[PDB]
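Visitor: experimental structure and its sequence below.
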Amino acid sequence: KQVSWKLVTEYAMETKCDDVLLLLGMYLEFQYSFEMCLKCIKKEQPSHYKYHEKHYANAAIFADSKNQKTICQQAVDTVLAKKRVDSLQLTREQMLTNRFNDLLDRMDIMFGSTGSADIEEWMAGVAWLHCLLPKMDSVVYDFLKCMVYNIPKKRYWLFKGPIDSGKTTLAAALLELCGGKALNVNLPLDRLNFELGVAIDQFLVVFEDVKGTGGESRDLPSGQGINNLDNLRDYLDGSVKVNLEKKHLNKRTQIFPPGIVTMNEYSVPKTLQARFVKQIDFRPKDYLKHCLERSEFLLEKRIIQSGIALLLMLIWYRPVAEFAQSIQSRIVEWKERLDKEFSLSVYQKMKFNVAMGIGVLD
Amino acid sequence: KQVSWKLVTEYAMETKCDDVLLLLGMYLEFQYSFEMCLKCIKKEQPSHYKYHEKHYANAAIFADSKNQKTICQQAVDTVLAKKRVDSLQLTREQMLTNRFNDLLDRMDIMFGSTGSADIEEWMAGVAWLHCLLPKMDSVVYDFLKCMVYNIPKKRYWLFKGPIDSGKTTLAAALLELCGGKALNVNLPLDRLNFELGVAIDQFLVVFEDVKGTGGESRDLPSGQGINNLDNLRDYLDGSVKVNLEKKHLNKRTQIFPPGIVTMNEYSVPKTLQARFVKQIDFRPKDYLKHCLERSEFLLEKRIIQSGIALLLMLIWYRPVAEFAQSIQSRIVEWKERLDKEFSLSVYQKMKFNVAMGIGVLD
Amino acid sequence: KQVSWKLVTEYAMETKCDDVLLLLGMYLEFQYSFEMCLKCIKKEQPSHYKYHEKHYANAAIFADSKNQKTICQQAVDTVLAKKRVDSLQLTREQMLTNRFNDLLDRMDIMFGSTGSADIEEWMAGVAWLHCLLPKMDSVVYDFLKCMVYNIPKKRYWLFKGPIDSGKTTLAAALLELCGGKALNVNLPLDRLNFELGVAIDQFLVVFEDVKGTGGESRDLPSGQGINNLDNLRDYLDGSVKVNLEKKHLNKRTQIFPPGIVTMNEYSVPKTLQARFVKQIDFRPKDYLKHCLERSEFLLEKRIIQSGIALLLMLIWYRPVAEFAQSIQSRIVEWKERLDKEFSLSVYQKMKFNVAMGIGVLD
Amino acid sequence: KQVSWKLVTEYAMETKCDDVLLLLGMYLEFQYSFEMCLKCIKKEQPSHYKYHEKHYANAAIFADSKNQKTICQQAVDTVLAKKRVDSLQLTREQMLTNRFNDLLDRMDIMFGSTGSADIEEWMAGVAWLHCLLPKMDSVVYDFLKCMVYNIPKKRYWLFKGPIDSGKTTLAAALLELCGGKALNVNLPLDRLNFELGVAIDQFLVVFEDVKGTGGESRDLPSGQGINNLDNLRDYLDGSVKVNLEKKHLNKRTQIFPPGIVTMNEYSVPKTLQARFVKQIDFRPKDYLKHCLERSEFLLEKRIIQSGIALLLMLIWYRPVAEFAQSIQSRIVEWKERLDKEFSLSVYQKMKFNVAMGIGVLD
Amino acid sequence: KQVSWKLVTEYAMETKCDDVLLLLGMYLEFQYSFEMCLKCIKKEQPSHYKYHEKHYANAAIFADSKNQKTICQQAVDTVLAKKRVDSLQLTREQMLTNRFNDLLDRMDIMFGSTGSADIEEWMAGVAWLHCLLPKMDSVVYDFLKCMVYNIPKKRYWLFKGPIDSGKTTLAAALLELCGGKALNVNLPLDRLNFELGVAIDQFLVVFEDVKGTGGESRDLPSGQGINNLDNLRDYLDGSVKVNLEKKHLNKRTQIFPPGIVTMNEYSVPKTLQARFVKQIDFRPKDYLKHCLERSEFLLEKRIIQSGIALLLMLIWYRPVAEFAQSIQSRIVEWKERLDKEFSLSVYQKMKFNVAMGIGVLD
DNA sequence: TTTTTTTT
Ligand SMILES: Nc1ncnc2c1ncn2[C@@H]1O[C@H](COP(=O)(O)OP(=O)(O)OP(=O)(O)O)[C@@H](O)[C@H]1O
Ligand SMILES: Nc1ncnc2c1ncn2[C@@H]1O[C@H](COP(=O)(O)OP(=O)(O)OP(=O)(O)O)[C@@H](O)[C@H]1O
Ligand SMILES: Nc1ncnc2c1ncn2[C@@H]1O[C@H](COP(=O)(O)OP(=O)(O)OP(=O)(O)O)[C@@H](O)[C@H]1O
Ligand SMILES: Nc1ncnc2c1ncn2[C@@H]1O[C@H](COP(=O)(O)OP(=O)(O)OP(=O)(O)O)[C@@H](O)[C@H]1O
Ligand SMILES: Nc1ncnc2c1ncn2[C@@H]1O[C@H](COP(=O)(O)OP(=O)(O)OP(=O)(O)O)[C@@H](O)[C@H]1O
């Protein structure tokens, strides 16, 4: 009796698997009797134990197949096709709505029965970030708007300050939240072709540490980034499509995603100052260092740099109406759980401790 | 029974879809009951909802096939082959009548029963655009004719002027009108010597932000582009056909399209000046800023960058005589609606509001 | 019943089509009934309407094939194999037979139904060229047959006159007539090696105006260019093969093609001077330049840079018995066309205008 | 009858083989009579002699197959697919316990009765290592935690000291313990592209003997290592994912591994001190050298370089609780075996011999 | 009925054809009705007309095949396989007999009834060559024997003398006779490495015009070649294998083949002098240039560059026993033709007339 | 056959 390629493709759709090897590896695990599947019994991976019983019968036949890689290839192509269809038809608003559902699904697991995440430690992170700048949650909403609206020539935010001032920590959390990618421009001009190629079909991008010149005035080593960026105004402006690379592949042509650039205190040509719609400056603060020193689970679990921490901040601080109609349903459930499990006094005790530079918990 | 690759390819032709993954994904949607189909019920996407009922039966059989990418590859190749046969056999006017049919079909949808936008906003756009430069509508008709007759040497156009003078905005609108592609000239030539290969089978191209020495005193760094374009005489003059590059695929040789170059105000070598038909000398125009500020919907919906706005302008301004007979039928029929939906006093009142720096609507 | 692969191959041979997508696109059109075929009715394209009725039955069955691109790939291989067999086997004269026909085929278009070129202004080019120097149709015929015979040492002509005296412009016209390419030698010696690689397999070559040292005093741009040529003894003589080089690619051996050198009036080592068959003075002549200034279509349509204008000069002046033995027949309808379109008196009047320096058609 | 592909896939999995040729060559050996297999009888290779009898029947049929390389390719994919599944789903602690279990398995052979090694010599090596630095075993534990926790911007240790002072010796042992790669960055900036590609999916990296610039008064050569590192800040900090390269392969996104930098006595920017968690100063010491000369079987067998030696040190020194839970059973058994075979006096005698610079053994 | 792949393999072998496209093209020509074949009837290409009559029936069936290129690929592989087998197993003696048989076949054509050149024209060539140096025939016999034995150290011959003194003329004819490559070592040390790669798997190499440094006392321009050669001593001595490299490609290891060195009368190191078997001095002699000046068909037909002329000289001068037994029958036939064609009186008249420096013929 | 190499 033959393998159902249909059942395989459906698993890859359900789990959104992009990699033929990852798909192959995981589907093989289903060959063993789910009745005794130690992994299922220990509930260690949703993408396994949700599926093993359903796929077991087909996986036994797949284990014998001589075609295996071909079956997986067709499955991955279907998931890739679904992505291109979506990328060419969704509004950016709908795209963000989908991303939030993915994160909320992960949160339901993290704080779920398996429950590995202590929501107390995660909410401590929210207090730390809300402390990092005035009106923090308002600034996040402004960033989200302009990423959604993607207004031409008003498309990039500039993060500037001295070192150890948290700007890349914030950028990392924002980047996880929207699911962009990071890129280098402190490079020779040739290499940029395949480098910038990975921006293909991403929602957002981040450029790090772009280097000005004469920076040794400020002990900054002078470098390529700023002058490479003035060579790229059109990619910033997003006013027209551009052509993007891959090895062993043709171009694809598209408008280039919006995003964020991070800066030591170099000087900048005003052609670029014209193009950054907004700038915010970060400045070091002693009590934050003391707090982290007392509370290193914030770093060790990477809480302060996760988009999950930003999402919790928004759920706490923003009206339900600021979210799209579909997710408002889930937003309501999460607002309930947070309010129930964190009395305002608890959060105030936390935010107090952070401001004092004390260990957040007491 | 078995998949009709014929019915597949008919969809590919009729959608003009020429991406194998896009096609693959698109067709797979039809596997579900069209009678229940939520996208059909929404009338969400024309390239779905017109076809779902027709292709449903074949797509069910497609959904079980094991040849799925191979089926799509043949289907895409007939679409691409059709473009090739057209690209040599059709006369340039005939090409434009095809392109204008394409844009009119979109306009039929946009201002269709969905009212996906309101033409009042787009006509405010027409007013804002015609407000840019003297006799604006007329200059476009001259440029169109230059690209039609494609006369050698007198074959390229310069836009010169400061940032936020709108030259890129004009360029974006013209390219969205014609179809064609952009390129960057500010490169080492042996890099550009592959990128020029993009021009294949295109009607038009545009070259962005040429840089040269003698700008750098004005926050306007020099670049290779000025000398590159001075040297790219073949591509410019169009007095002969030239090679165009590809990867894992053969080159071809053909006439290089006509086109436009944009500059901020570097110098120009006189022989390169002499290779233009014309130059146009963009400026700030202060009250437009004020209008735009109120008129945020203009940029949010990208109206003033989009060739659809130009098409509404030429319909509004030009004699019905300016077009080929078959489209003159559609021109007349569509030109009716503008009276049904505007008085001239409204159009006057709009351009007045523009001139007055008001929000265009009242 | 089945696709004849044979019939597809015949059509590819008859079209001499060497593009698989083009062949695919073309042949698919025959699947509709030839009996109504509107391209046939309109007699638009012989490569269609000559063939449809024969191929129709096979094209229908072809359109149902699942293998289509494979059929076409074999057909294109056949045409490429044919070219390679001939390319190895045939003589310089037989190859000249080809580029002759290619140039006549272009003229049948350029002055055909489109009227894209004004045959009068182009024959006025023939006149203006013919008055540069003595008997120019003979001077061409002498040079041309010299390039066919490719006799060792007897292979290179020198142009030596001051600026604007025509050598560059003439060299351009010569290249259009012939194909081939020009070359730079005004260089440090390392560069010459890849430069010379351009000559590989060219039917003719040129050397760009030499930086002759012994030009310093003449206020000419000057240097090793001439001493490089004097050093490169053997390549000109072409008695024996030599190696040639391309970047990122291996060495190759050729008899170095025959060609032309041009200069302003440098002083010359008589060793190098002894290598030439002819050296030709050029004088700037007021009547020539002022006629051009009165006749600028000659420049704008680059008629004087047209090698096709040289082919007209052959067709007009030279006797039928001088052209390629059988293709002489094809020349006579061209002579007949020109003889009908142009009395000798109008060509004479034309020459008499430039004989007054008056614009040719004035 | 037919080949069981499944049995081949099992053999690949059981041997964890992932070279197609190694797998092929290995499997082919089973085709001869198991009952006479001299390799089995001589008990030379366990990956042979465990398996020949099981696989024999299928190996004979495989020997006749016409598909041999395709059969092997599917088997190697299965092993590679498992590695990627693990790379995404395992915790860093689990990865380390898997690595430990494999070393412990290798130790079981070496000190098996069939084993070649002498546990007294291997224990002698531990005495030399525990003399190389203060509190050596505690330093190993602190480093292991540092790599398991992988705390961003607290991920890298700096080894520096004179030449012939044991830094690369110690790095090699840690690298064999954990698995990882060494890398060279005293390079031109371009080859760094592919060089950093080597880090892909590794656990550790070691940057070996980076060169500073200047201060050749220190007798140090100069090179670009430190100037490259001061650029590569993002790869050290490990705050965000980066994109890595391989020849003929498209760019791969992951967070960059933690690791070690080794360096002779160059001075260093504080910008790089700011990125190293800890700095260890190695020093040359006479009694180590004098002991080592008399104890040179240590060198001959590479005992001092090898991760087995560090693992033995941890088993001797560390409490059982510090090992992850599942291995505590095996660790206890090895502790008992060590105690059975060495008194404290023997170990303490060895250390005294090392301190006295006599040969370790007596 | 079916294609015989064997018949295609045989044709490919007898024609020694290496190109798929070439073989494909050739074989398709046999499908047209053999009896009418104008190519047969003109008797031009022997690789056609010797075979068309035989292969005709198979060519018809091949013309209908669906997998034609696969047939031709296998045939070409058979030809390529035999070449590598021979490269590894032939004696140098046998290689030369094979090389000679090829030339003898071309001579049977050139002087057959269809032969376009005339044997009297070529015997004029032999007479002129015999006058260039004393004992010319015996010199050539010695040189060939030297290459055939390839005795180490006794491997290389030196040509020196003024410009236009015939040294490269002779090298060309020898290289045409034996097969091989020229090389240029007037280079910096880096470029030599790829240059020496040209020698890979050749029979001879010629180092052309290695310049010495200094010696402008003789007006010889200085250059590095001689200094480069004195480093390369081991390549010349030929006593042990060397490593050779090519662009994009690996090393190869082999004995560097024997060859010829040419130059003007530079100084020599005594070390380099000792590495040569013989020095042969060239000098201008006026009666040769006056003879050429009155028999330029020698140059025009490139007779004196040709190894065919050398082979003709060997046949005229040397005993039958000096040839290898395999070809002695063809040699005797060719001698008998020549003796019947020319009386000694004719040849003696030619030689004397050349000594008078008059045109060869009377 | 690109990409890597080579060109630089
Ligand atoms: N505002 C701040 N004041 C004091 N310490 C800070 C602040 N922000 C971050 N930190 C500390 O600095 C560490 C590094 O933060 P981060 O990498 O985000 O800084 P950065 O300025 O963006 O750095 P870089 O320019 O090197 O990328 C954090 O882990 C935290 O310990
Ligand atoms: N003539 C104008 N006067 C004032 N503002 C203008 C004008 N034209 C455009 N703008 C503003 O500048 C923005 C950018 O316009 P656009 O990119 O077309 O200008 P540009 O001159 O081509 O600029 P750049 O050289 O930076 O690409 C527009 O979206 C609009 O907000
Ligand atoms: N003999 C001539 N007398 C006058 N005008 C001429 C003559 N020959 C050419 N012309 C015109 O002068 C232009 C420039 O001529 P051209 O570049 O061919 O001269 P050149 O001798 O090669 O010059 P240069 O040495 O400056 O490059 C031509 O394109 C043509 O328009
Ligand atoms: N602390 C030490 N005291 C004395 N001799 C030492 C010491 N460490 C190493 N040696 C000797 O130096 C040899 C080389 O050791 P190793 O290669 O680790 O040196 P290194 O200085 O750390 O090298 P590198 O600079 O290349 O990393 C050892 O085999 C041993 O003979
Ligand atoms: N010995 C000679 N006496 C007189 N004329 C000669 C002699 N040898 C060659 N020639 C003339 O010189 C021309 C060039 O000959 P050739 O290329 O062989 O000279 P070469 O000195 O060996 O050259 P090169 O310096 O390039 O190695 C010949 O075609 C002939 O006209």
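Guide: Arrived safely, thanks for sending. Numbers count the residues shown, from 1 in each chain, chains lettered A, B, ... in the order given. Ligands and ions are numbered 1, 2, ... in the order given.
Visitor: and the helix or strand hosting residue A:28, anywhere near chain B?
Guide: In this structure, residue A:28 is located in helix A:20-29 according to DSSP states H and E. No: legend: contact between helix A:20-29 and chain B by C-beta under 8 Å from any C-beta of the partner chain is lacking; minimum distance shown is 13.3 Å. C-betas here are computed from N, CA, C, even on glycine.
Visitor: the very next helix or strand once past that helix near chain D at all?
Guide: Reading on from helix A:20-29 to the C-terminus, the next helix or strand found by DSSP H and E is helix A:38-42. No: using C-beta under 8 Å from any C-beta, helix A:38-42 stays clear of chain D, coming no nearer than 9.8 Å.
Visitor: contacts for helix A:38-42?
Guide: Around helix A:38-42, the neighbours that count as contacts under C-beta atoms under 8 Å, 6 or more residues apart in numbering or on different chains are A:29, A:34, A:45, A:48-49, A:52-53.
Visitor: now that helix: buried residues?
Guide: residue A:40 (16 or more other C-beta atoms under 10 Å in any protein chain shown).
Visitor: just to revisit the earlier point, only alpha carbons, please: show the helix holding residue A:28 as PDB.
Guide: The C-alpha coordinates for helix A:20-29 follow below in PDB (Å, rounded to 0.1, in the frame of the first residue of the first chain):
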ATOM      1  CA  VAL A  20      13.400  19.700   3.700                       C
ATOM      2  CA  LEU A  21      15.800  18.200   6.200                       C
ATOM      3  CA  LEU A  22      13.900  19.400   9.200                       C
ATOM      4  CA  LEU A  23      10.700  18.000   7.700                       C
ATOM      5  CA  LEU A  24      12.300  14.700   6.800                       C
ATOM      6  CA  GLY A  25      13.800  14.300  10.300                       C
ATOM      7  CA  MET A  26      10.600  15.000  12.200                       C
ATOM      8  CA  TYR A  27       8.300  12.900  10.000                       C
ATOM      9  CA  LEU A  28      10.600   9.900  10.500                       C
ATOM     10  CA  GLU A  29      10.100  10.000  14.300                       C
END
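Visitor: which other helices and strands does that helix contact?
Guide: Helix A:20-29 is packed against helix A:5-15, helix A:46-49, helix A:52-64, helix A:68-87, helix D:68-89, with contacts defined by 3 or more C-beta pairs under 8 Å, 6 or more residues apart in numbering or on different chains; DSSP states H and E.
Visitor: among the ones you listed, which comes closest to ligand 4?
Guide: helix D:68-89 (29.7 Å; C-beta to the nearest ligand atom).
Visitor: for residue A:46, what are its contacts?
Guide: Applying C-beta under 8 Å, 6+ apart to residue A:46 gives the contacts residue A:109.
Visitor: mind redoing it with 6 Å?
Guide: Under the criterion of C-beta atoms under 6 Å, 6 or more residues apart in numbering or on different chains, residue A:46 has no neighbours.
Visitor: what's the separation between it and residue A:65?
Guide: With distances defined as C-beta to C-beta, to the nearest Å, the gap from residue A:46 to residue A:65 amounts to 26 Å.
Visitor: and for residue A:357, the neighbour number?
Guide: Look at residue A:357: counted by other C-beta atoms under 10 Å in any protein chain shown, it has 16 neighbours.
Visitor: what's the local residue count around the residue in the stretch 1-150 of chain A that chain B sits nearest to?
Guide: In the stretch 1-150 of chain A, the residue that lies nearest chain B is residue A:81 (3.3 Å; C-beta to the nearest C-beta). Residues within reach of residue A:81, counting by other C-beta under 10 Å, total 24.
Visitor: just residue A:258 next, same as before
Guide: Counted with other C-beta under 10 Å, residues neighbouring residue A:258 total 26.
Visitor: which residues does it contact?
Guide: Residues in contact with residue A:258 (C-beta under 6 Å, 6+ apart) are A:147, A:150, A:155.
Visitor: list the contacts of the second one.
Guide: Spelled out, it's residue A:150. With contacts defined as C-beta under 6 Å, 6+ apart, residue A:150 is in contact with residue A:258.
Visitor: what are the boundaries of the strands in chain A?
Guide: All strands of chain A, identified by DSSP state E, fall at A:156-160, A:181-183, A:205-207, A:242-246, A:249-254, A:259-263, A:276-281.
Visitor: now the ones you listed as a markdown table including mean neighbour count and distance to residue B:340?
Guide: Putting the strands of chain A into a markdown table (neighbours: other C-beta atoms under 10 Å in any protein chain shown; distance: least, C-beta to C-beta, whole Å) gives the following:
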| stretch | mean neighbour count | distance to residue B:340 |
| --- | --- | --- |
| strand A:156-160 | 21 | 43 |
| strand A:181-183 | 22 | 49 |
| strand A:205-207 | 21 | 46 |
| strand A:242-246 | 18 | 40 |
| strand A:249-254 | 14 | 37 |
| strand A:259-263 | 24 | 44 |
| strand A:276-281 | 15 | 40 |
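Visitor: pull up the distance across stretch A:213-227, start to finish.
Guide: Stretch A:213-227 has an end-to-end distance of 9 Å (C-alpha to C-alpha, to the nearest Å).
Visitor: neighbouring contacts of that stretch?
Guide: Taking C-beta under 6 Å, 6+ apart as the rule, stretch A:213-227 contacts A:185-187, A:210-212, A:264-266.
Visitor: next: stretch A:285-292.
Guide: Residues from elsewhere that reach stretch A:285-292 (C-beta under 6 Å, 6+ apart): A:298, A:354, A:357.
Visitor: want to throw the strands of chain A into CSV with distance to residue D:233?
Guide: Formatted as CSV, those follow (distance: least, C-beta to C-beta, whole Å):
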stretch, distance to residue D:233
strand A:156-160, 16
strand A:181-183, 13
strand A:205-207, 14
strand A:242-246, 26
strand A:249-254, 31
strand A:259-263, 12
strand A:276-281, 21
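Visitor: quick one: the residue in chain A that chain C sits nearest to and chain E, what's the gap?
Guide: The minimum distance from chain A to chain C, using C-beta to the nearest C-beta, falls at residue A:250 (14.6 Å). Counting by C-beta to the nearest C-beta, to the nearest Å, the separation of residue A:250 from chain E is 24 Å.
Visitor: what does the nearest residue to that residue once chain neighbours are set aside show for phi and psi?
Guide: Closest residue to residue A:250 apart from its sequence neighbours, by C-beta to C-beta, 6 or more residues apart in numbering or on different chains: residue B:247 at 6.1 Å. According to degrees, to the nearest 10, the main-chain angles of residue B:247 amount to phi -110, psi 130.
Visitor: give me the number of residues near residue B:247?
Guide: Taking other C-beta under 10 Å as the neighbour definition, residue B:247 ends up with a count of 12.
Visitor: check residue A:228 too.
Guide: Applying other C-beta under 10 Å, we find 19 residues neighbouring residue A:228.
Visitor: contacts only, for it.
Guide: Under the criterion of C-beta under 6 Å, 6+ apart, the contact partners of residue A:228 comprise residue A:185.
Visitor: repeat that for residue A:100.
Guide: By C-beta under 6 Å, 6+ apart, the contact set of residue A:100 is residue A:327.
Visitor: near DNA strand F, which residues of the stretch 201-350 of chain A?
Guide: The stretch 201-350 of chain A comes close to DNA strand F at residues A:246-249, as judged by C-beta under 7 Å from any atom of the strand.
Visitor: re earlier: so which of the contacts of stretch A:285-292 is the closest to ligand 3?
Guide: Nearest to ligand 3, judged by C-beta to the nearest ligand atom, of those is residue A:298 at 73.3 Å.
Visitor: excluding covalently adjacent residues, which one is nearest to the closest one?
Guide: Of all residues not flanking residue A:298 in the chain, residue A:304 sits nearest, at 5.1 Å (C-beta to C-beta, 6+ apart).
Visitor: tell me the contacts of that neighbour?
Guide: A:125, A:128, A:298.
Visitor: from the stretch 1-150 of chain A, which residue is nearest to DNA strand F?
Guide: Residue of the stretch 1-150 of chain A nearest DNA strand F, by C-beta to the nearest atom of the strand: residue A:80 (19.3 Å).
Visitor: cool, chain A as well?
Guide: Of all residues in chain A, residue A:247 sits closest to DNA strand F, at 4.2 Å by C-beta to the nearest atom of the strand.
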